[PDB]
Each structure stands twice: as structure tokens, then as C-alpha cells.
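Below is one structure, written out as C-alpha cells; comments come after it.
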Amino acid sequence: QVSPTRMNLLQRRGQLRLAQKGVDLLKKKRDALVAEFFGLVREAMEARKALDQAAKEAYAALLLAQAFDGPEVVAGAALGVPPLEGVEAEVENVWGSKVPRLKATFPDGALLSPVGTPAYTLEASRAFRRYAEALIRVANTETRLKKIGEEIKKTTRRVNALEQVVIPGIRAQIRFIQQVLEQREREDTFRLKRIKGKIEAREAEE
Amino acid sequence: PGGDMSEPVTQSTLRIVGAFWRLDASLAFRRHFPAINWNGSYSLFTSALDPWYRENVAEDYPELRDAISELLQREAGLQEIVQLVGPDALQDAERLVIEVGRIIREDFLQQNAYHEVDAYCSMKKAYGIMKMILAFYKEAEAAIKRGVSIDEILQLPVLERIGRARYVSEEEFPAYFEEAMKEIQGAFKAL
Amino acid sequence: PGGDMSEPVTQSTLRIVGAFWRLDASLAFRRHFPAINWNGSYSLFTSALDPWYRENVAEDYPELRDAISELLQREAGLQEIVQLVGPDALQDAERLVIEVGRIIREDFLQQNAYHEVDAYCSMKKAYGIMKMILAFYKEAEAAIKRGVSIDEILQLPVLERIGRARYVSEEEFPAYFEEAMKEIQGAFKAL
Amino acid sequence: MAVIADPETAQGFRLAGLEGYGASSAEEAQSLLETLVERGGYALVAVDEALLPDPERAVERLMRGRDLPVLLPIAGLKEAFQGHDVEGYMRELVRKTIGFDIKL
Amino acid sequence: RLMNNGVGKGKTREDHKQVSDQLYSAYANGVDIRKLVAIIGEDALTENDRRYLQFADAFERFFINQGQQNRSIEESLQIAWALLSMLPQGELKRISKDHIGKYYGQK
Amino acid sequence: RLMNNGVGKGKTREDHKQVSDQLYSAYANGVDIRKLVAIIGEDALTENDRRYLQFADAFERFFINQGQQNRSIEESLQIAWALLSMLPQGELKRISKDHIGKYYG
């Protein structure tokens, strides 16, 4: 199919050598991605540990602040507070891949009659504020780990695809071109035999 | 005969000459002329001519020329990676290498013979263009180790000057060279 | 020349010969001598030497030969996840495959071709080393499930006697073998 | 920034000063999550682990791009008594994520 | 082929072959880490690997870039140890500590 | 190219052509799915998808791997039926249904 010259054989040997370098380079890329994956999974463990312990703190704080107190007054203390929008995001570009990570403002300026009429909901409210800080921390850890995982999936199917597809196809074209060029050299070393035979059948015609 | 430099003509004539200028078809399919395949050409007179270059063109001419050579070599070493992975998901300090290779192939090498100027190009004009290109690359890698974009480099109004800087005549080229050099030195502190 | 097994010399040779031992340069670079590679090397004579081995070596001999062939194929199979992930992060039903693979490749196969007492090795001695490694594997795979994991196995002073059992003269060996096997049958009860 | 275990916990989230909800069923939680992705609570949502582990069906429902509403499993107030799954949860994270099962 | 018969005890210098293998493996894993750093970045490696990258990049202009000076065998081994000093001790896992303690350290 | 002459009534069992066609189509789809698992994850599948995976490995292990034994055409066809019994009858697009009624248990 492709034009069978000795130049094209060299181009095919060059691209076989480039794909064989590419298998090594992309395996090394996968190794660096696995290194940071296992650097992040134990951070995910520690983040889940801190999240559950601060979760237990805020849960016990709300248990005390609505068991020793009024459900109607925690209703009024919740609904007096505005919903407090303002969480924002920034951008990670690494290995090309891009995810937004977030952090929150969480304003404390809403000191709504700052002599707080129950003795407990300031304590429980700051417990839930620390709870939400730990939650957005676990969220950023989660999205970083998912990006690393899907990129290792990409690199694994890329290495497997490149190896199994475009190593043997290029090997097949190199063998095709080598065998047709050997046919041409065999026709040359036949035709030279005949022209030597029919120059030396001239001394034998004297 | 085949368009293949593996014949008994070409590989009998490349052992007795210096200055072998191997063309190719891929650079001539798009009209990038002359289609000198840079990756497989050579010239054995670069060493023993640098005295003349020093005493007649400029004192620093071997330095600038060898820097052009090693930038083109570094580009053609990174073309492997950039066609095996793609020109995204890279580090920004080498996409400047590939784009300076792109602007040197679109400015310094590529020449149309039929234009009234840029047909002939004496070597002070080529020294001017190479000094522009490497002043740009030196101060651009400085400004990217300060930390900037690389979209922010590839849309300056300072390198349309460069892309037109082979079409000025050999009379305007000194003052044009002074002003393009001034603007390249003055458009990087404002990033 | 090239490090290839496709030239017609090697193809006609492999069509006619009966046993093939591929020597590698990598396995000789990892200081594993002999440099045989047990993956692309093959014999054909084992099907008809079988009654000789059952007469002169021991009555169970091709069974445990098949055992180490299966064991080295398990190691070379699941070397992949050891290579990607990390060897400590293995299971406990594959960590011991890895470690008995290592004790094979560092005591049984690897042979000093200069040592006084190591260089020659008859069939009874290779049978002895082979049975000790198989007995380690079987008693360890029995005992990994009830009281230990691999860190409570991989240091035990029988493994040093296996790994130094090959520097033993054959006038001293067939009493050394029973005592090393007795100590391993006592040791995986002492755990 | 919706969080869905109970409305009783969610009014505690209002006592923190962020919006939260409670559904006690799967499709109701995904529907309120769906209108929350439609009009944002700034797109950072956690759902109870005994309610929905993976709400990512809502991501492929509405917003397949940008992965902006990040969806999180979370330990409920009736479940945080036990310390949910952490080490086997990471086991199934590795099993889900890289293909291999490891011990580490 | 014959290098293993031409160096050693009283031939040129007794630590020769080990430095040969060590320079080979160090430039071998300097080249491909220098090729990988294009698509990951300078600041996203380990630390010894960036030492290898600096070693290879300075190696191919202090050791191969000879120029024309009549470089003796003791001077070339001296500069080979000055290049090996930019790798950390202990990471040189081909040389026993006799020639390490004797020669290594000096840039 | 033959075996259309040498099957059928009075030469082998009646169902020989239909069993051969069904086993070939099933193992072609089995090796398709085993190619597919090499690319996409293990969860992009339906349930008879995994049944074709199981039939691919069960075919390659029990129908081919005989080692030494002297199988019949009878034992071969009933091993083919006990392999096809691992697949739903709705996946049996090829075999006419009275062979399925006499067999498949």
C-alpha cells in the first residue's frame, strides 16, 4: 500500500522507534501519576478521620443545644440568621487537566443581638462552621483524587492501545516493505545472471 | 528517481561535497519555500569561515548562529512529544520553545523569491532578524520565569513587526531595526 | 547481530534443534548468573525422559518440576501489579508467591560458576533444594490463613538455611536435607 | 451549598448559616438536587450515605460538563456513632478507581 | 568489549570500571527524566531525580564538551568524580565505600 | 467450506448445523466483549453482557481444553448444549425451538 522504497523503510523504522520510546515515556508518566495518587489517598483517609470527629463534635453540640433548650428557639435562632452566600472558587491546571477548587467566606459579622439568647447555639454554630470547613476540605481532596484516577485510566488505555495497535501495524508494514525490496533485489540478481550469460555466449560464437 | 536519497547518484555525490541541502516534499506541499529539510541538511564550512564572519558581518555572529541552531534542534527534539501527546497538557516553558520555532520558520527561513524585496537578503539583514528573534526568546523566557501566560505572549503587537520584518528594504532596515529592537525591549516590562 | 530471532539462521536452527536456552543481557546485568531466561526458553525432551527420572531421581519428580514451572509462571504473570503499584501493597495470597519466587531465583536457580562446591549439582541435590522450597510454599500457604500474615513469615531462620543450602557438598547433603525439612515442619507449628 | 440527611440536621445547617435540606428518599433528594443544580446554591452538595452514596446520576442528568456541583457522601447523625467504613471504603475506592485491589 | 581487561590493578586506576558503569546508568536515567520533565514540570518530581536532571544537563557540557585540551586520564577521572559529586552519596549504588570515602565529595 | 453436506439427518444429530452456528456467533460476541473490557471499565455492561463473558471463558476452558480424552460426537454435542444452557433462551437466536425443547436442560 505505502510506497515501497528504502527511504520509506527508514521512515517506518523511525516511527517504530518513536512509538517504542513513547511506551517507555508514558509508562514513566503513569508511574509519576501513581506516586501522587498514593500520596493523596492517605490524605483522603486523614481528611475523612478529621471530618468524622468534627462531625461528632457538632452533632453532640446540636444534641445538647436542642435537648437542654427549645426546638422553637433553635428554629428562631436558625431562621433569624440569613443564608450567607459567598463561597467562591479558583482553578487548578495541572497536566493540562483543570478542576476548580473552592473555599468559603463564612461571615461572622451577623452578630444578631450579640448577647445570644441561648447559651449554647454560639458553641454549636461555630462547631457547624468548623464542620463545613472540614467538609469543603474533603470535597477538594475528593475532586483532586478523581482527576488523578481518571487520568491514570486515560494513560493506561493510551499505553495499551498504542502498544497493541501501532506497534504491530508498523511491524507489519516494515516486513511488507522489506520483502518487496528483497523481491526487487532478487530480480536484479537474476537479470545480471542472464546478461553475463549472454555476454559469455559470444566467445562461444566465434 | 524515486524521490529517495538512497540512490547510487545521491549517495555517491554526498561523500565528496560539503553543503548538502536535502529538499523534501512535505515542506513544499504547503507553499513554504524554499523547502529545505532542516533535519537532514549540513554544511562543512561553518568552522573555517568564522574569521570572515567576525571581521565582516558582526563580532558575535557565531554565537547568534549557534543559538539559532540549538533552538531549532530543541524544537525538533520536542516535536516527538508534541505529536505523541498533543500541544496541550504541556509545561509552559517549552511551548515557548515550540512557538519560537514556529515564528522562526515563519520569519527567518521562509522566503518568497517573487516579492520585490525579500528576494535578495544580505547578511546584515539576517543578523538583524536573528538578533530580534533571540532578544525576544531571551526576554520572553525571563518573563515566563517571572510567571505569566503564554496566550499573553502570542498576541503581542510587537511580533507582527517581526513577521513583517523581512519585507523592509535594505535601506529602511537600520532605522526599522532600531525601532523594532526598542519596542521589543520596551513591551515586556508592561506585562 | 540485532538481537532478533527472525533471521533464517535462527529460524532453521529452531526448526531442527530440540532444546533452546535464551541467554539475556538484562538478567546478567542484574547479577543473576546463569543468564538463562525461563520465559522464552523451552525444552522438548521432558516427555520422554520421564521414566528415567522416575527410576533414578525420585518417584515424584515431574510433579514438583511442574510445581516450580507453575510458580515461576505465576511470578512472571503477576509481576505487573508489583511493578505498577508497589510490592508492599500486595495481598497475602500473592505476596508469598512473590517471595517464594525470589527465594527460587536467589537460591535454586542462580549458581556461582566459580565456587568450589557450588558449580556441580547432581539430581539428588537439586531434588533436595527443590523439595525444601516446595515444602516451604505448601506449609506457608497452609499457615497464612489462621495465625499470621507475611511479616510473621519472611523472617524465620529456616530461610537462611535454604538460601545457604546450596554451598553443601554431596557427601554432607543427604543428612542435611532431612534436618532442614525437620526444622521447617517444626517451625511452621511453632508459629 | 446543600446538604441532605434530615431537615432536622438541615435546620442545624441553617444554624450554621448555609442552606440544607432533607428528603428521606432517593428520588426526592435527586429532584431537589436537580433544581439545586438548575438554580445554584453555589454548587457544592453532600448527601447522606444511607440516602445516596453516589448522586452522580444527577450530574449526567443535567450538567455533564465542568463537574461544578461536587457531590459528597456524608456520615449521618444516626450513623456517625460508628465511624462508617473508612479503611474498607478506601479499599473500594482503589478497587473502583485504578482497577487493582491493593492492601498497602 | 575489552574495557574489562584494560582497567584495574595497576592498569590505569583501580576504581575505573565501577565509575564507567555508574556514569552510564546515571546518564541513562538522566536523559529520559529530562525528556519526561516537559510534560510534568520542574516542580512535580522527587528531589534526587532533579539532581539527576542537573547532573545530565551539566554532564553533557563538562564531560563530553571537551574542546581541544590534551585531557589526561587522571584529569578526566577527576572531572568524572566532580560530576558524580552532584549526586547524593548512598545513591551511588555501584561503588563500595572504599573508593567513595577516598575520592567522592570534591567538586 | 463443506460441513453443510456432512451434517443433519442420517449423518449426525439433526441440530448439528444450528449448534455450530450458535456457538460461533456466541463466541464471536464473547471475544468482542473481552476486547471491550480491555478498554472500558468493568461496569459498562448489562447482565447478559457478563453472561457472554462467562460463556467466553467457559467455552475456552471446557469445550476446547480436553487434553487427551476421546470425545464422541454425542459427548461433544451434549457438552455444547450444557455450555449453551449457561445462556438465556432469548439469546438463542439461531436454534429452532424444538431442539431447545428436547435439550438445554
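To be explicit about the labels: the chains of the C-alpha cells are called A, B, and onward in the order shown, and within each one the residues are counted from 1, while ligands get numbers from 1 in the order they are shown.
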Fewer than 6 positions away in the same chain doesn't count, so skip those; otherwise give me all residues within 9 Å of stretch 86-88 of chain F, counting only C-alpha atoms, as a VMD selection string. chain F and resid 48 51 to 52 54 to 55
Output C-alpha atoms of each residue in that selection to a file, as an mmCIF file, in the first residue's frame.
```
data_model
loop_
_atom_site.group_PDB
_atom_site.id
_atom_site.type_symbol
_atom_site.label_atom_id
_atom_site.label_comp_id
_atom_site.auth_asym_id
_atom_site.auth_seq_id
_atom_site.Cartn_x
_atom_site.Cartn_y
_atom_site.Cartn_z
ATOM 1 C CA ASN F 48 -26.244 -10.927 29.590
ATOM 2 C CA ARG F 51 -23.167 -13.864 30.588
ATOM 3 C CA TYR F 52 -21.275 -13.627 27.297
ATOM 4 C CA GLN F 54 -18.795 -16.165 31.333
ATOM 5 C CA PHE F 55 -19.660 -18.088 28.189
#
```
What does chain B look like once superposed on chain C, all Cα atoms paired in sequence order, least squares? Give it as an mmCIF file with C-alpha atoms, in the first residue's frame.
```
data_model
loop_
_atom_site.group_PDB
_atom_site.id
_atom_site.type_symbol
_atom_site.label_atom_id
_atom_site.label_comp_id
_atom_site.auth_asym_id
_atom_site.auth_seq_id
_atom_site.Cartn_x
_atom_site.Cartn_y
_atom_site.Cartn_z
ATOM 1 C CA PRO B 1 24.125 -9.704 15.425
ATOM 2 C CA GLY B 2 21.801 -7.261 17.115
ATOM 3 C CA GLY B 3 21.236 -9.279 20.217
ATOM 4 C CA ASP B 4 17.797 -10.053 18.829
ATOM 5 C CA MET B 5 16.440 -13.572 18.293
ATOM 6 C CA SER B 6 14.640 -12.529 15.111
ATOM 7 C CA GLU B 7 17.463 -13.245 12.676
ATOM 8 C CA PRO B 8 17.762 -15.756 9.846
ATOM 9 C CA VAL B 9 20.207 -17.701 12.026
ATOM 10 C CA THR B 10 18.216 -18.071 15.230
ATOM 11 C CA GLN B 11 14.805 -18.470 13.618
ATOM 12 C CA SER B 12 16.224 -21.045 11.273
ATOM 13 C CA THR B 13 17.874 -22.984 14.073
ATOM 14 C CA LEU B 14 14.982 -22.924 16.517
ATOM 15 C CA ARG B 15 12.745 -25.045 14.297
ATOM 16 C CA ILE B 16 15.005 -28.106 14.144
ATOM 17 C CA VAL B 17 16.093 -28.363 17.775
ATOM 18 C CA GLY B 18 14.631 -29.190 21.098
ATOM 19 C CA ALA B 19 16.050 -27.543 24.202
ATOM 20 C CA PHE B 20 16.211 -23.861 23.316
ATOM 21 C CA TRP B 21 17.910 -21.812 26.061
ATOM 22 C CA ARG B 22 17.344 -18.153 25.253
ATOM 23 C CA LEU B 23 19.714 -15.950 27.207
ATOM 24 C CA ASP B 24 19.118 -12.292 27.953
ATOM 25 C CA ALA B 25 21.162 -9.284 28.934
ATOM 26 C CA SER B 26 19.017 -7.998 31.796
ATOM 27 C CA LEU B 27 19.668 -11.049 33.943
ATOM 28 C CA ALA B 28 23.373 -10.751 33.138
ATOM 29 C CA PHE B 29 23.699 -7.043 33.881
ATOM 30 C CA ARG B 30 23.394 -7.857 37.512
ATOM 31 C CA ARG B 31 25.463 -10.949 38.058
ATOM 32 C CA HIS B 32 22.673 -13.504 38.162
ATOM 33 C CA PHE B 33 24.345 -16.289 36.364
ATOM 34 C CA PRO B 34 23.506 -18.241 34.210
ATOM 35 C CA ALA B 35 21.248 -15.664 32.582
ATOM 36 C CA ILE B 36 18.644 -18.070 31.250
ATOM 37 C CA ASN B 37 15.585 -16.024 30.368
ATOM 38 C CA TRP B 38 13.030 -18.422 31.804
ATOM 39 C CA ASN B 39 10.129 -16.687 30.107
ATOM 40 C CA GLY B 40 11.215 -17.677 26.611
ATOM 41 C CA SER B 41 13.063 -20.978 26.898
ATOM 42 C CA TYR B 42 11.723 -24.466 26.281
ATOM 43 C CA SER B 43 12.661 -28.133 25.992
ATOM 44 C CA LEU B 44 10.774 -30.847 24.121
ATOM 45 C CA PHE B 45 12.173 -33.736 26.170
ATOM 46 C CA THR B 46 10.209 -33.330 29.395
ATOM 47 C CA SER B 47 7.479 -35.752 28.329
ATOM 48 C CA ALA B 48 9.527 -38.674 27.041
ATOM 49 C CA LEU B 49 12.106 -38.725 29.841
ATOM 50 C CA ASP B 50 9.881 -39.110 32.912
ATOM 51 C CA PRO B 51 10.341 -42.929 32.947
ATOM 52 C CA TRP B 52 14.071 -42.444 33.513
ATOM 53 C CA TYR B 53 13.426 -39.759 36.128
ATOM 54 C CA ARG B 54 11.108 -42.099 37.998
ATOM 55 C CA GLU B 55 13.371 -45.114 37.938
ATOM 56 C CA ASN B 56 16.555 -43.231 38.738
ATOM 57 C CA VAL B 57 16.091 -40.016 40.720
ATOM 58 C CA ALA B 58 12.798 -40.190 42.601
ATOM 59 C CA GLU B 59 9.274 -41.457 42.071
ATOM 60 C CA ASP B 60 7.580 -38.057 42.456
ATOM 61 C CA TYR B 61 9.995 -36.074 40.281
ATOM 62 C CA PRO B 62 7.504 -34.977 37.527
ATOM 63 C CA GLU B 63 5.074 -33.750 40.188
ATOM 64 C CA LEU B 64 7.672 -31.641 41.986
ATOM 65 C CA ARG B 65 9.103 -30.315 38.719
ATOM 66 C CA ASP B 66 5.712 -29.312 37.306
ATOM 67 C CA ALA B 67 4.924 -27.596 40.586
ATOM 68 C CA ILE B 68 8.162 -25.587 40.273
ATOM 69 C CA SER B 69 7.146 -24.716 36.706
ATOM 70 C CA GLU B 70 3.676 -23.531 37.618
ATOM 71 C CA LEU B 71 4.945 -21.465 40.556
ATOM 72 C CA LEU B 72 7.373 -19.684 38.239
ATOM 73 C CA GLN B 73 4.581 -19.164 35.709
ATOM 74 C CA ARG B 74 2.265 -17.758 38.369
ATOM 75 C CA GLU B 75 5.015 -15.393 39.493
ATOM 76 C CA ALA B 76 5.629 -14.159 35.954
ATOM 77 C CA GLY B 77 1.889 -13.671 35.576
ATOM 78 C CA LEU B 78 1.760 -11.522 38.702
ATOM 79 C CA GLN B 79 4.832 -9.469 37.747
ATOM 80 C CA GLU B 80 2.476 -7.495 35.467
ATOM 81 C CA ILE B 81 0.315 -6.357 38.378
ATOM 82 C CA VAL B 82 3.266 -5.900 40.703
ATOM 83 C CA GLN B 83 4.997 -3.480 38.343
ATOM 84 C CA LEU B 84 1.768 -1.704 37.381
ATOM 85 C CA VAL B 85 0.564 -1.105 40.972
ATOM 86 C CA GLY B 86 3.565 -1.791 43.194
ATOM 87 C CA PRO B 87 4.552 -4.484 45.697
ATOM 88 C CA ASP B 88 2.476 -2.789 48.404
ATOM 89 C CA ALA B 89 -1.335 -2.649 48.437
ATOM 90 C CA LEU B 90 -1.683 -6.329 47.581
ATOM 91 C CA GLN B 91 -3.292 -9.389 49.115
ATOM 92 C CA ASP B 92 -0.953 -11.292 51.413
ATOM 93 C CA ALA B 93 -1.654 -14.685 49.813
ATOM 94 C CA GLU B 94 0.139 -13.709 46.585
ATOM 95 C CA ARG B 95 3.022 -11.730 48.005
ATOM 96 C CA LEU B 96 4.047 -15.141 49.284
ATOM 97 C CA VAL B 97 3.936 -16.263 45.643
ATOM 98 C CA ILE B 98 6.230 -13.412 44.633
ATOM 99 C CA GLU B 99 8.622 -13.975 47.523
ATOM 100 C CA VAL B 100 8.811 -17.715 46.895
ATOM 101 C CA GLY B 101 9.567 -16.833 43.286
ATOM 102 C CA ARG B 102 12.285 -14.546 44.614
ATOM 103 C CA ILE B 103 13.792 -17.233 46.825
ATOM 104 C CA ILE B 104 13.697 -19.810 44.057
ATOM 105 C CA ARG B 105 15.520 -17.388 41.771
ATOM 106 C CA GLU B 106 18.057 -16.708 44.509
ATOM 107 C CA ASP B 107 18.516 -20.353 45.453
ATOM 108 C CA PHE B 108 17.622 -22.929 42.849
ATOM 109 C CA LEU B 109 18.364 -21.198 39.567
ATOM 110 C CA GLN B 110 21.339 -18.988 40.406
ATOM 111 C CA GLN B 111 24.684 -20.790 40.252
ATOM 112 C CA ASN B 112 28.293 -19.586 40.372
ATOM 113 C CA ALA B 113 30.638 -21.815 38.408
ATOM 114 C CA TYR B 114 33.808 -20.695 40.156
ATOM 115 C CA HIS B 115 32.878 -21.719 43.686
ATOM 116 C CA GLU B 116 34.510 -24.999 44.676
ATOM 117 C CA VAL B 117 31.150 -26.620 45.369
ATOM 118 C CA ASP B 118 27.863 -25.697 43.551
ATOM 119 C CA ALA B 119 29.750 -25.837 40.243
ATOM 120 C CA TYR B 120 28.556 -29.402 39.768
ATOM 121 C CA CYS B 121 25.111 -30.385 41.029
ATOM 122 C CA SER B 122 23.808 -33.903 40.477
ATOM 123 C CA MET B 123 20.068 -34.269 40.414
ATOM 124 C CA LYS B 124 19.438 -35.646 43.899
ATOM 125 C CA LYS B 125 20.742 -32.338 45.234
ATOM 126 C CA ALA B 126 18.343 -30.472 42.950
ATOM 127 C CA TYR B 127 15.549 -32.758 44.116
ATOM 128 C CA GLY B 128 16.489 -31.922 47.693
ATOM 129 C CA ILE B 129 16.408 -28.178 47.099
ATOM 130 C CA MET B 130 13.082 -28.322 45.263
ATOM 131 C CA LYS B 131 11.574 -30.468 48.003
ATOM 132 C CA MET B 132 12.736 -27.911 50.585
ATOM 133 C CA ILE B 133 11.289 -25.002 48.617
ATOM 134 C CA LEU B 134 7.919 -26.585 47.981
ATOM 135 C CA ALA B 135 7.602 -27.946 51.518
ATOM 136 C CA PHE B 136 8.151 -24.356 52.600
ATOM 137 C CA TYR B 137 5.572 -22.970 50.183
ATOM 138 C CA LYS B 138 2.919 -25.587 50.988
ATOM 139 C CA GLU B 139 3.157 -25.188 54.733
ATOM 140 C CA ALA B 140 3.568 -21.421 54.433
ATOM 141 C CA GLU B 141 0.323 -21.009 52.515
ATOM 142 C CA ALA B 142 -1.243 -23.244 55.159
ATOM 143 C CA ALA B 143 0.086 -20.973 57.917
ATOM 144 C CA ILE B 144 -1.130 -17.864 56.085
ATOM 145 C CA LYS B 145 -4.621 -19.274 55.692
ATOM 146 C CA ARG B 146 -4.449 -19.690 59.455
ATOM 147 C CA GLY B 147 -3.750 -15.932 59.448
ATOM 148 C CA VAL B 148 -0.262 -14.544 60.160
ATOM 149 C CA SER B 149 1.933 -11.708 58.895
ATOM 150 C CA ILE B 150 4.172 -11.915 55.846
ATOM 151 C CA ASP B 151 6.903 -10.020 57.563
ATOM 152 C CA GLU B 152 6.789 -12.938 59.993
ATOM 153 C CA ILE B 153 7.608 -15.394 57.209
ATOM 154 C CA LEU B 154 10.407 -13.425 55.526
ATOM 155 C CA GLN B 155 12.580 -13.244 58.664
ATOM 156 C CA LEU B 156 12.634 -16.834 59.830
ATOM 157 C CA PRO B 157 15.991 -18.413 60.726
ATOM 158 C CA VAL B 158 14.886 -21.429 58.699
ATOM 159 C CA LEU B 159 15.529 -20.045 55.209
ATOM 160 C CA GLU B 160 19.052 -18.754 55.614
ATOM 161 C CA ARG B 161 19.494 -22.533 55.723
ATOM 162 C CA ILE B 162 17.742 -22.589 52.333
ATOM 163 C CA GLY B 163 19.883 -19.784 50.919
ATOM 164 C CA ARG B 164 23.025 -21.660 51.967
ATOM 165 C CA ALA B 165 21.596 -25.060 50.960
ATOM 166 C CA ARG B 166 23.256 -25.060 47.569
ATOM 167 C CA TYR B 167 26.756 -24.772 49.026
ATOM 168 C CA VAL B 168 26.875 -28.010 51.004
ATOM 169 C CA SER B 169 28.754 -30.761 49.224
ATOM 170 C CA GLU B 170 27.206 -33.907 47.791
ATOM 171 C CA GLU B 171 28.340 -35.857 50.879
ATOM 172 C CA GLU B 172 26.910 -33.698 53.669
ATOM 173 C CA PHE B 173 23.723 -33.015 51.675
ATOM 174 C CA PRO B 174 21.812 -36.123 52.927
ATOM 175 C CA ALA B 175 22.196 -35.362 56.661
ATOM 176 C CA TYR B 176 21.964 -31.618 55.982
ATOM 177 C CA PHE B 177 18.816 -32.337 53.989
ATOM 178 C CA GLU B 178 17.312 -34.328 56.847
ATOM 179 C CA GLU B 179 18.011 -31.574 59.357
ATOM 180 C CA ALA B 180 16.863 -28.684 57.168
ATOM 181 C CA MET B 181 13.713 -30.675 56.408
ATOM 182 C CA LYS B 182 13.201 -31.267 60.140
ATOM 183 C CA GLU B 183 13.568 -27.577 60.963
ATOM 184 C CA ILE B 184 11.185 -26.531 58.160
ATOM 185 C CA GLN B 185 8.636 -29.008 59.493
ATOM 186 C CA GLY B 186 9.171 -27.763 63.043
ATOM 187 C CA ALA B 187 9.353 -23.966 62.725
ATOM 188 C CA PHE B 188 5.761 -23.328 61.586
ATOM 189 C CA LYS B 189 3.765 -24.578 64.573
ATOM 190 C CA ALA B 190 5.644 -21.980 66.652
ATOM 191 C CA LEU B 191 4.189 -19.022 64.754
#
```
Name the residues in contact with residue A:47 at a cut-off of 12 Å, using only C-alpha atoms, excluding same-chain residues fewer than 6 positions from it; report them as a list in words.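 The contact residues come out as residues 40, 41, 53, 54, 55, 131, 133, 134, 135, 136, 137, 138, 139, 140, 141 and 142 of chain A; 86 of chain D.
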Given the selection you just returned, output its residues as a file containing N, CA and C atoms, formatted as a PDB file, in the first residue's frame.
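Dumped to part.pdb:
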```pdb
ATOM      1  N   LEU A  40      -1.939  11.043  47.723  1.00  0.00           N
ATOM      2  CA  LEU A  40      -3.207  11.692  48.050  1.00  0.00           C
ATOM      3  C   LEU A  40      -4.221  10.793  48.748  1.00  0.00           C
ATOM      4  N   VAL A  41      -4.113   9.470  48.607  1.00  0.00           N
ATOM      5  CA  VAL A  41      -5.147   8.612  49.188  1.00  0.00           C
ATOM      6  C   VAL A  41      -5.055   8.583  50.719  1.00  0.00           C
ATOM      7  N   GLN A  53     -14.626  13.119  63.129  1.00  0.00           N
ATOM      8  CA  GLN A  53     -14.504  13.524  64.529  1.00  0.00           C
ATOM      9  C   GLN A  53     -15.101  14.911  64.771  1.00  0.00           C
ATOM     10  N   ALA A  54     -14.866  15.864  63.854  1.00  0.00           N
ATOM     11  CA  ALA A  54     -15.535  17.159  63.970  1.00  0.00           C
ATOM     12  C   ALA A  54     -17.037  17.044  63.720  1.00  0.00           C
ATOM     13  N   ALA A  55     -17.452  16.039  62.941  1.00  0.00           N
ATOM     14  CA  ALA A  55     -18.865  15.716  62.797  1.00  0.00           C
ATOM     15  C   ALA A  55     -19.472  15.299  64.122  1.00  0.00           C
ATOM     16  N   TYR A 131     -17.310  22.335  60.979  1.00  0.00           N
ATOM     17  CA  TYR A 131     -17.806  21.179  60.244  1.00  0.00           C
ATOM     18  C   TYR A 131     -17.846  21.444  58.743  1.00  0.00           C
ATOM     19  N   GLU A 133     -16.133  23.769  57.133  1.00  0.00           N
ATOM     20  CA  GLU A 133     -14.749  23.927  56.679  1.00  0.00           C
ATOM     21  C   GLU A 133     -14.104  22.576  56.388  1.00  0.00           C
ATOM     22  N   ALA A 134     -14.300  21.613  57.293  1.00  0.00           N
ATOM     23  CA  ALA A 134     -13.788  20.267  57.059  1.00  0.00           C
ATOM     24  C   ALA A 134     -14.473  19.604  55.871  1.00  0.00           C
ATOM     25  N   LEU A 135     -15.744  19.937  55.634  1.00  0.00           N
ATOM     26  CA  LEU A 135     -16.472  19.355  54.512  1.00  0.00           C
ATOM     27  C   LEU A 135     -15.938  19.857  53.174  1.00  0.00           C
ATOM     28  N   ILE A 136     -15.672  21.162  53.064  1.00  0.00           N
ATOM     29  CA  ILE A 136     -15.136  21.670  51.801  1.00  0.00           C
ATOM     30  C   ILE A 136     -13.692  21.204  51.606  1.00  0.00           C
ATOM     31  N   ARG A 137     -12.977  20.939  52.706  1.00  0.00           N
ATOM     32  CA  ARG A 137     -11.654  20.325  52.610  1.00  0.00           C
ATOM     33  C   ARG A 137     -11.727  18.918  52.015  1.00  0.00           C
ATOM     34  N   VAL A 138     -12.664  18.101  52.510  1.00  0.00           N
ATOM     35  CA  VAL A 138     -12.852  16.751  51.978  1.00  0.00           C
ATOM     36  C   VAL A 138     -13.337  16.793  50.528  1.00  0.00           C
ATOM     37  N   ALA A 139     -14.120  17.814  50.163  1.00  0.00           N
ATOM     38  CA  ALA A 139     -14.567  17.963  48.776  1.00  0.00           C
ATOM     39  C   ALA A 139     -13.405  18.231  47.823  1.00  0.00           C
ATOM     40  N   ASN A 140     -12.476  19.109  48.219  1.00  0.00           N
ATOM     41  CA  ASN A 140     -11.329  19.382  47.353  1.00  0.00           C
ATOM     42  C   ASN A 140     -10.410  18.170  47.243  1.00  0.00           C
ATOM     43  N   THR A 141     -10.223  17.443  48.353  1.00  0.00           N
ATOM     44  CA  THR A 141      -9.458  16.195  48.311  1.00  0.00           C
ATOM     45  C   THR A 141     -10.104  15.171  47.376  1.00  0.00           C
ATOM     46  N   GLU A 142     -11.435  15.082  47.420  1.00  0.00           N
ATOM     47  CA  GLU A 142     -12.193  14.180  46.557  1.00  0.00           C
ATOM     48  C   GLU A 142     -11.989  14.500  45.082  1.00  0.00           C
TER      49      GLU A 142
ATOM     50  N   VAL D  86     -14.134   3.485  56.965  1.00  0.00           N
ATOM     51  CA  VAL D  86     -13.060   4.295  56.368  1.00  0.00           C
ATOM     52  C   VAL D  86     -12.008   3.481  55.608  1.00  0.00           C
TER      53      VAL D  86
END
```
Determine, for each residue of chain A having at least one atom at most 12 Å from an atom of chain C, the closest pair of atoms and their separation in Å to one decimal, counting only C-alpha atoms; order by chain and ascending number, as CSV.
```
residue,atom,partner,partner_atom,distance
A:27,CA,C:84,CA,9.1
A:28,CA,C:84,CA,10.1
A:29,CA,C:84,CA,11.4
A:30,CA,C:84,CA,8.4
A:31,CA,C:84,CA,6.8
A:32,CA,C:84,CA,10.3
A:33,CA,C:84,CA,10.6
A:34,CA,C:85,CA,7.2
A:35,CA,C:85,CA,8.6
A:36,CA,C:85,CA,11.6
A:37,CA,C:85,CA,10.1
A:38,CA,C:85,CA,8.8
A:152,CA,C:84,CA,11.3
A:156,CA,C:84,CA,10.9
A:175,CA,C:6,CA,11.0
```
Shortest interatomic distance to chain B - which of E:96, E:101, E:70, E:37, counting only C-alpha atoms: E:37
